[PDB]
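Next up, target.pdb (PDB, C-alpha atoms):
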ATOM      1  CA  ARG A  39      -7.558 -14.257  15.211
ATOM      2  CA  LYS A  40      -5.203 -14.079  18.254
ATOM      3  CA  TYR A  41      -1.921 -14.657  16.292
ATOM      4  CA  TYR A  42      -3.263 -13.388  12.934
ATOM      5  CA  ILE A  43      -4.152  -9.918  14.410
ATOM      6  CA  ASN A  44      -0.663  -9.609  16.029
ATOM      7  CA  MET A  45       0.647 -10.362  12.540
ATOM      8  CA  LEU A  46      -1.490  -7.624  10.969
ATOM      9  CA  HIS A  47      -0.341  -5.154  13.618
ATOM     10  CA  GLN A  48       3.301  -6.006  13.052
ATOM     11  CA  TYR A  49       2.958  -5.878   9.296
ATOM     12  CA  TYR A  50       1.025  -2.645   9.018
ATOM     13  CA  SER A  51       3.252  -0.929  11.696
ATOM     14  CA  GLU A  52       6.447  -1.474   9.762
ATOM     15  CA  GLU A  53       8.390   1.400   8.191
ATOM     16  CA  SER A  54       7.839   1.923   4.485
ATOM     17  CA  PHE A  55      10.020   3.291   1.721
ATOM     18  CA  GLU A  56       9.377   5.359  -1.423
ATOM     19  CA  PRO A  57      12.371   5.134  -3.753
ATOM     20  CA  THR A  58      11.713   7.066  -6.950
ATOM     21  CA  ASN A  59      12.725   7.323 -10.595
ATOM     22  CA  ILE A  60      14.233   3.898 -10.780
ATOM     23  CA  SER A  61      15.674   2.235 -13.842
ATOM     24  CA  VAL A  62      15.646  -1.549 -13.660
ATOM     25  CA  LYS A  63      15.169  -4.866 -15.452
ATOM     26  CA  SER A  64      13.710  -8.052 -13.926
ATOM     27  CA  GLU A  65      15.964 -10.926 -12.897
ATOM     28  CA  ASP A  66      15.196 -14.431 -11.691
ATOM     29  CA  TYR A  67      15.191 -15.183  -7.963
ATOM     30  CA  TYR A  68      14.802 -18.962  -7.516
ATOM     31  CA  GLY A  69      11.792 -18.988  -9.862
ATOM     32  CA  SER A  70      10.221 -15.617  -8.990
ATOM     33  CA  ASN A  71      10.929 -12.550 -11.080
ATOM     34  CA  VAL A  72      12.257  -9.588  -9.095
ATOM     35  CA  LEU A  73      13.533  -6.041  -9.479
ATOM     36  CA  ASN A  74      16.858  -5.524  -7.722
ATOM     37  CA  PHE A  75      18.027  -1.982  -7.091
ATOM     38  CA  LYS A  76      19.425   0.444  -4.472
ATOM     39  CA  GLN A  77      18.695   4.051  -3.489
ATOM     40  CA  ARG A  78      19.814   6.186  -0.504
ATOM     41  CA  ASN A  79      21.858   3.162   0.814
ATOM     42  CA  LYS A  80      18.889   0.782   0.896
ATOM     43  CA  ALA A  81      18.811  -2.285  -1.327
ATOM     44  CA  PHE A  82      15.453  -3.356  -2.552
ATOM     45  CA  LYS A  83      14.151  -6.630  -4.015
ATOM     46  CA  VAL A  84      10.671  -6.142  -5.504
ATOM     47  CA  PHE A  85       8.792  -9.321  -6.396
ATOM     48  CA  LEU A  86       6.672  -9.589  -9.509
ATOM     49  CA  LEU A  87       3.870 -12.054  -9.090
ATOM     50  CA  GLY A  88       0.658 -13.057 -10.826
ATOM     51  CA  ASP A  89      -0.467 -11.052 -13.811
ATOM     52  CA  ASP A  90       2.630  -8.766 -13.464
ATOM     53  CA  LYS A  91       5.077 -11.685 -13.290
ATOM     54  CA  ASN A  92       6.599 -11.015 -16.677
ATOM     55  CA  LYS A  93       6.183  -7.270 -16.842
ATOM     56  CA  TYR A  94       9.653  -5.687 -16.736
ATOM     57  CA  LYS A  95      11.905  -7.964 -18.789
ATOM     58  CA  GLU A  96      13.195  -4.981 -20.757
ATOM     59  CA  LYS A  97      14.997  -2.277 -18.787
ATOM     60  CA  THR A  98      12.280   0.134 -17.656
ATOM     61  CA  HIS A  99      12.846   3.709 -16.639
ATOM     62  CA  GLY A 100      11.155   6.258 -14.461
ATOM     63  CA  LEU A 101       9.552   3.863 -12.004
ATOM     64  CA  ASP A 102       8.476   4.641  -8.454
ATOM     65  CA  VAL A 103       8.209   1.966  -5.809
ATOM     66  CA  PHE A 104       6.281   1.848  -2.556
ATOM     67  CA  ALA A 105       8.021  -0.776  -0.491
ATOM     68  CA  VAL A 106       6.917  -2.594   2.597
ATOM     69  CA  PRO A 107       8.988  -5.458   3.779
ATOM     70  CA  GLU A 108       7.800  -9.000   3.819
ATOM     71  CA  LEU A 109      11.208  -9.856   5.143
ATOM     72  CA  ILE A 110      14.320  -7.863   5.735
ATOM     73  CA  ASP A 111      17.436  -9.902   5.101
ATOM     74  CA  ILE A 112      20.615 -10.331   7.111
ATOM     75  CA  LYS A 113      22.283  -7.556   5.100
ATOM     76  CA  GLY A 114      19.239  -5.206   5.438
ATOM     77  CA  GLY A 115      17.711  -5.815   1.992
ATOM     78  CA  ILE A 116      14.020  -4.989   1.717
ATOM     79  CA  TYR A 117      12.006  -7.745   0.014
ATOM     80  CA  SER A 118       8.651  -6.213  -1.069
ATOM     81  CA  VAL A 119       5.774  -7.200  -3.379
ATOM     82  CA  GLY A 120       4.436  -4.837  -6.086
ATOM     83  CA  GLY A 121       3.937  -1.152  -5.454
ATOM     84  CA  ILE A 122       5.333  -0.141  -8.865
ATOM     85  CA  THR A 123       3.992   3.027 -10.486
ATOM     86  CA  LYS A 124       5.077   5.408 -13.201
ATOM     87  CA  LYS A 125       6.739   8.537 -11.810
ATOM     88  CA  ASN A 126       5.059  11.945 -12.113
ATOM     89  CA  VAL A 127       5.410  13.546 -15.531
ATOM     90  CA  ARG A 128       7.093  16.999 -15.632
ATOM     91  CA  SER A 129       5.036  19.991 -14.451
ATOM     92  CA  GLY A 132       3.056  20.894  -9.069
ATOM     93  CA  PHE A 133       0.996  17.865  -7.926
ATOM     94  CA  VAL A 134      -0.779  16.952  -4.728
ATOM     95  CA  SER A 135      -4.141  15.232  -4.357
ATOM     96  CA  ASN A 136      -6.078  15.742  -1.153
ATOM     97  CA  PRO A 137      -9.099  13.416  -1.109
ATOM     98  CA  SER A 138     -11.297  13.479   1.990
ATOM     99  CA  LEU A 139     -10.823  10.587   4.423
ATOM    100  CA  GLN A 140     -13.403   9.776   7.073
ATOM    101  CA  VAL A 141     -13.130   7.092   9.695
ATOM    102  CA  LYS A 142     -16.471   6.070  11.124
ATOM    103  CA  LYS A 143     -18.422   3.708  13.287
ATOM    104  CA  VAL A 144     -22.013   3.688  12.153
ATOM    105  CA  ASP A 145     -23.330   0.200  13.179
ATOM    106  CA  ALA A 146     -24.521   1.134  16.686
ATOM    107  CA  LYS A 147     -26.508   3.677  18.689
ATOM    108  CA  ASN A 148     -23.422   5.571  19.825
ATOM    109  CA  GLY A 149     -20.972   6.066  16.959
ATOM    110  CA  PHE A 150     -18.571   8.535  15.462
ATOM    111  CA  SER A 151     -17.421  10.093  12.271
ATOM    112  CA  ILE A 152     -13.996  11.808  11.986
ATOM    113  CA  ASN A 153     -12.147  13.499   9.110
ATOM    114  CA  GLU A 154      -8.442  12.930   8.631
ATOM    115  CA  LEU A 155      -6.086  14.876   6.360
ATOM    116  CA  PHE A 156      -4.619  12.724   3.614
ATOM    117  CA  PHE A 157      -2.249  14.032   0.888
ATOM    118  CA  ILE A 158      -1.140  11.920  -2.078
ATOM    119  CA  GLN A 159       1.917  13.326  -3.870
ATOM    120  CA  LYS A 160       1.972  10.918  -6.763
ATOM    121  CA  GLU A 161       0.005  11.276  -9.908
ATOM    122  CA  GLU A 162      -0.250   7.464 -10.131
ATOM    123  CA  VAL A 163      -0.557   5.611  -6.793
ATOM    124  CA  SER A 164      -0.788   1.933  -5.924
ATOM    125  CA  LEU A 165      -3.600   0.419  -3.971
ATOM    126  CA  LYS A 166      -0.775  -1.126  -1.881
ATOM    127  CA  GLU A 167       0.242   2.337  -0.767
ATOM    128  CA  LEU A 168      -3.223   3.532   0.118
ATOM    129  CA  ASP A 169      -3.961   0.346   2.026
ATOM    130  CA  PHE A 170      -0.727   0.557   3.955
ATOM    131  CA  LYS A 171      -0.818   4.208   4.924
ATOM    132  CA  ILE A 172      -4.478   4.156   5.925
ATOM    133  CA  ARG A 173      -4.073   1.035   8.063
ATOM    134  CA  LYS A 174      -0.992   2.504   9.757
ATOM    135  CA  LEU A 175      -3.027   5.595  10.663
ATOM    136  CA  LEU A 176      -5.894   3.370  11.916
ATOM    137  CA  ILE A 177      -3.424   1.475  14.071
ATOM    138  CA  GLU A 178      -1.855   4.591  15.654
ATOM    139  CA  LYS A 179      -4.973   6.778  16.067
ATOM    140  CA  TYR A 180      -7.705   4.178  16.399
ATOM    141  CA  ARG A 181      -5.821   1.220  17.853
ATOM    142  CA  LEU A 182      -6.712  -1.135  15.020
ATOM    143  CA  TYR A 183      -5.381  -4.579  15.834
ATOM    144  CA  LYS A 184      -4.585  -3.504  19.385
ATOM    145  CA  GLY A 185      -7.834  -2.663  20.916
ATOM    146  CA  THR A 186     -10.125  -1.936  18.094
ATOM    147  CA  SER A 187     -11.720  -4.850  16.345
ATOM    148  CA  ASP A 188     -10.488  -5.949  12.950
ATOM    149  CA  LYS A 189     -14.036  -6.002  11.556
ATOM    150  CA  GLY A 190     -14.232  -3.167   9.088
ATOM    151  CA  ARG A 191     -13.396  -1.871   5.669
ATOM    152  CA  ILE A 192     -11.667   0.816   3.697
ATOM    153  CA  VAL A 193     -13.603   2.034   0.660
ATOM    154  CA  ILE A 194     -11.863   4.169  -1.953
ATOM    155  CA  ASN A 195     -14.471   5.754  -4.160
ATOM    156  CA  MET A 196     -13.413   6.833  -7.651
ATOM    157  CA  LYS A 197     -14.970   9.826  -9.504
ATOM    158  CA  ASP A 198     -16.156   7.149 -11.993
ATOM    159  CA  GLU A 199     -18.209   5.937  -9.135
ATOM    160  CA  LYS A 200     -16.113   2.686  -9.237
ATOM    161  CA  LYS A 201     -14.554   1.695  -5.920
ATOM    162  CA  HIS A 202     -11.874  -0.359  -4.228
ATOM    163  CA  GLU A 203     -12.888  -2.238  -1.077
ATOM    164  CA  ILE A 204     -10.391  -3.585   1.431
ATOM    165  CA  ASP A 205     -11.399  -5.871   4.305
ATOM    166  CA  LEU A 206      -9.477  -4.889   7.475
ATOM    167  CA  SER A 207      -9.708  -8.428   8.892
ATOM    168  CA  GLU A 208      -7.197  -9.731   6.350
ATOM    169  CA  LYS A 209      -3.929  -8.551   4.810
ATOM    170  CA  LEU A 210      -4.191  -7.177   1.286
ATOM    171  CA  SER A 211      -3.687 -10.097  -1.157
ATOM    172  CA  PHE A 212      -0.371 -10.099  -2.987
ATOM    173  CA  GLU A 213      -2.129  -9.795  -6.317
ATOM    174  CA  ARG A 214      -3.785  -6.490  -5.366
ATOM    175  CA  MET A 215      -0.415  -5.084  -4.392
ATOM    176  CA  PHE A 216       0.112  -4.461  -8.148
ATOM    177  CA  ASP A 217      -3.072  -2.488  -8.836
ATOM    178  CA  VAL A 218      -2.588   1.146  -9.645
ATOM    179  CA  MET A 219      -4.861   4.186 -10.127
ATOM    180  CA  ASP A 220      -4.731   7.936 -10.907
ATOM    181  CA  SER A 221      -4.796   9.720  -7.578
ATOM    182  CA  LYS A 222      -6.769  12.651  -8.958
ATOM    183  CA  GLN A 223      -9.638  10.231  -9.711
ATOM    184  CA  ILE A 224     -10.143   9.352  -6.066
ATOM    185  CA  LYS A 225     -13.361  11.066  -4.997
ATOM    186  CA  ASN A 226     -13.195  10.100  -1.318
ATOM    187  CA  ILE A 227     -12.056   7.452   1.096
ATOM    188  CA  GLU A 228     -14.294   6.043   3.764
ATOM    189  CA  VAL A 229     -13.349   3.697   6.549
ATOM    190  CA  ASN A 230     -15.955   1.816   8.573
ATOM    191  CA  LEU A 231     -14.913   0.409  11.933
ATOM    192  CA  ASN A 232     -17.602  -2.120  12.873
TER     193      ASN A 232
END
As structure tokens, what does this structure read like?
Amino acid sequence: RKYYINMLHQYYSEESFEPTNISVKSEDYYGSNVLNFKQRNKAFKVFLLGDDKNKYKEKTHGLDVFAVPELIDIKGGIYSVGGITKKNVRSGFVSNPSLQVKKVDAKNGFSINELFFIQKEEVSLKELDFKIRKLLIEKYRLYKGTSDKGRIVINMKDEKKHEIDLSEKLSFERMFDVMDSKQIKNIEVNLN
């Protein structure tokens, strides 16, 4: 609604971070398990919730993290949820699934291709959701002009798919889901 959409716009407009090849072990943070680490002067605090709550008790190596802040602290720390993937195994890798943004629920509509590259062999749904929404905000004025009624559909070569409702923020639990980027057949966004 009025305040909820301003929230979406602020959240999905924020700057993201992609620290890579991280070695870390989970620690307690007032009852939540988190991954504390630094890279390129930024300090990160990645929360582990739900099914992944107890997932990195042993020191784990070679992790990549897509971070979006839920809060930035008074010292600049980035508190993010999920976004943990396994780094690319030694090799070149770039996926380039088609991405169409369309309005098809009226007489006068549109359909437009966008160029989307994914440089990780394993990518989080969190990342796809964030980057696509950011593009929808800047190019299509999502949450500032364009209605929040719509969806992002990521179709897998399996024919399975991941659907994201634009009218709500991705749930924290889905911020842990991961997939092989080469298995993404296409991505379709419907702006209703």
Box for segment 81-85 of chain A: with edges along x, y and z, all listed atoms inside and 3 Å added on each side, what are the centre and edge lengths in Å to one decimal, as lines of an AutoDock Vina configuration file?
center_x = 13.8
center_y = -5.8
center_z = -3.9
size_x = 16.0
size_y = 13.0
size_z = 11.1
Atom CA of residue 69 of chain A to atom CA of residue 103 of chain A, distance in Å rounded to a single decimal: 21.6 Å
Which residue of A:121, A:177, A:128, A:212 approaches residue 52 of chain A most closely, using all atoms listed in the file: A:177
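What the PyMOL selection byres ((chain A and resi 219) around 9) picks from this file is residues 123, 161, 162, 163, 164, 165, 217, 218, 220, 221, 222, 223 and 224 of chain A.
Interatomic distance, atom CA of residue 93 of chain A against atom CA of residue 126 of chain A: 19.8 Å.
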Name the residues that the PyMOL selection byres ((chain A and resi 80-91) around 6) picks from the file above, as a ChimeraX atom specification, using the file's chain letters and numbers. /A:71-79,92-93,115-119
Could you check which of A:112, A:229, A:192, A:176 is closest to residue 46 of chain A, using all atoms listed in the file? A:176
Selection result of the PyMOL selection byres ((chain A and resi 61) around 6) on this file, as a PyMOL selection string: chain A and resi 60+62+98-99
Write the residues you've just listed into a file as an mmCIF file, in the coordinates of the input, and include C-alpha atoms for each of them.
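selection13.cif, freshly written:
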data_model
loop_
_atom_site.group_PDB
_atom_site.id
_atom_site.type_symbol
_atom_site.label_atom_id
_atom_site.label_comp_id
_atom_site.auth_asym_id
_atom_site.auth_seq_id
_atom_site.Cartn_x
_atom_site.Cartn_y
_atom_site.Cartn_z
ATOM 1 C CA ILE A 60 14.233 3.898 -10.780
ATOM 2 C CA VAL A 62 15.646 -1.549 -13.660
ATOM 3 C CA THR A 98 12.280 0.134 -17.656
ATOM 4 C CA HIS A 99 12.846 3.709 -16.639
#
Go ahead and find all residues with at least one atom no further than 12 Å from (-10.4, -17.1, 13.5) in the file's coordinates, using all atoms listed in the file; report them as a list in words. residues 39, 40, 41, 42, 43, 188, 189, 207 and 208 of chain A
Put those residues in a file: C-alpha atoms, as an mmCIF file, in the coordinates of the input.
data_model
loop_
_atom_site.group_PDB
_atom_site.id
_atom_site.type_symbol
_atom_site.label_atom_id
_atom_site.label_comp_id
_atom_site.auth_asym_id
_atom_site.auth_seq_id
_atom_site.Cartn_x
_atom_site.Cartn_y
_atom_site.Cartn_z
ATOM 1 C CA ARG A 39 -7.558 -14.257 15.211
ATOM 2 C CA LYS A 40 -5.203 -14.079 18.254
ATOM 3 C CA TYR A 41 -1.921 -14.657 16.292
ATOM 4 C CA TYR A 42 -3.263 -13.388 12.934
ATOM 5 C CA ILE A 43 -4.152 -9.918 14.410
ATOM 6 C CA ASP A 188 -10.488 -5.949 12.950
ATOM 7 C CA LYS A 189 -14.036 -6.002 11.556
ATOM 8 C CA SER A 207 -9.708 -8.428 8.892
ATOM 9 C CA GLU A 208 -7.197 -9.731 6.350
#
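Across the structure, atom CA of residue 48 of chain A and atom CA of residue 111 of chain A are spaced 16.7 Å apart.
Counting only C-alpha atoms, the residue from A:53, A:167, A:154, A:199 that sits nearest to residue 107 of chain A is A:53.
With distances restricted to only C-alpha atoms, A:173 is the closest residue to residue 50 of chain A from A:124, A:173, A:225, A:95.
For the set A:138, A:230, A:159, A:44, the residue with the smallest atom-to-atom gap to residue 195 of chain A is A:138, counting all atoms listed in the file.
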N, CA and C atoms for segment 92-109 of chain A, written as a short mmCIF file (atom, residue, chain, number, x, y, z; two decimals), in the frame of the given file, could you do that?
data_model
loop_
_atom_site.label_atom_id
_atom_site.label_comp_id
_atom_site.auth_asym_id
_atom_site.auth_seq_id
_atom_site.Cartn_x
_atom_site.Cartn_y
_atom_site.Cartn_z
N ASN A 92 5.68 -11.17 -15.57
CA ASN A 92 6.60 -11.02 -16.68
C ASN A 92 6.62 -9.61 -17.22
N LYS A 93 6.36 -8.64 -16.36
CA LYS A 93 6.18 -7.27 -16.84
C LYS A 93 7.39 -6.35 -17.06
N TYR A 94 8.55 -6.66 -16.52
CA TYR A 94 9.65 -5.69 -16.74
C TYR A 94 10.92 -6.36 -17.27
N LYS A 95 10.76 -7.24 -18.24
CA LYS A 95 11.90 -7.96 -18.79
C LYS A 95 12.87 -7.03 -19.49
N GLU A 96 12.34 -5.98 -20.12
CA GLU A 96 13.20 -4.98 -20.76
C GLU A 96 13.48 -3.94 -19.70
N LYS A 97 14.65 -3.30 -19.76
CA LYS A 97 15.00 -2.28 -18.79
C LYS A 97 13.94 -1.17 -18.87
N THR A 98 13.34 -0.85 -17.74
CA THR A 98 12.28 0.13 -17.66
C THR A 98 12.73 1.33 -16.83
N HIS A 99 12.41 2.52 -17.31
CA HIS A 99 12.85 3.71 -16.64
C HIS A 99 11.72 4.51 -16.04
N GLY A 100 12.09 5.37 -15.10
CA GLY A 100 11.16 6.26 -14.46
C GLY A 100 10.12 5.59 -13.57
N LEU A 101 10.51 4.54 -12.87
CA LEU A 101 9.55 3.86 -12.00
C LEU A 101 9.68 4.30 -10.55
N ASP A 102 8.54 4.35 -9.88
CA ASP A 102 8.48 4.64 -8.45
C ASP A 102 8.06 3.37 -7.77
N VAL A 103 8.55 3.16 -6.55
CA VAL A 103 8.21 1.97 -5.81
C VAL A 103 7.84 2.26 -4.37
N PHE A 104 6.70 1.72 -3.93
CA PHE A 104 6.28 1.85 -2.56
C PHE A 104 6.62 0.50 -1.98
N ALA A 105 7.52 0.49 -1.03
CA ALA A 105 8.02 -0.78 -0.49
C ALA A 105 7.70 -0.98 0.96
N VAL A 106 7.24 -2.18 1.24
CA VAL A 106 6.92 -2.59 2.60
C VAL A 106 7.60 -3.94 2.72
N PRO A 107 8.34 -4.16 3.79
CA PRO A 107 8.99 -5.46 3.78
C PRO A 107 8.15 -6.65 4.17
N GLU A 108 8.31 -7.72 3.44
CA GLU A 108 7.80 -9.00 3.82
C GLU A 108 8.82 -9.73 4.67
N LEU A 109 10.05 -9.36 4.46
CA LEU A 109 11.21 -9.86 5.14
C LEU A 109 12.27 -8.80 4.93
#
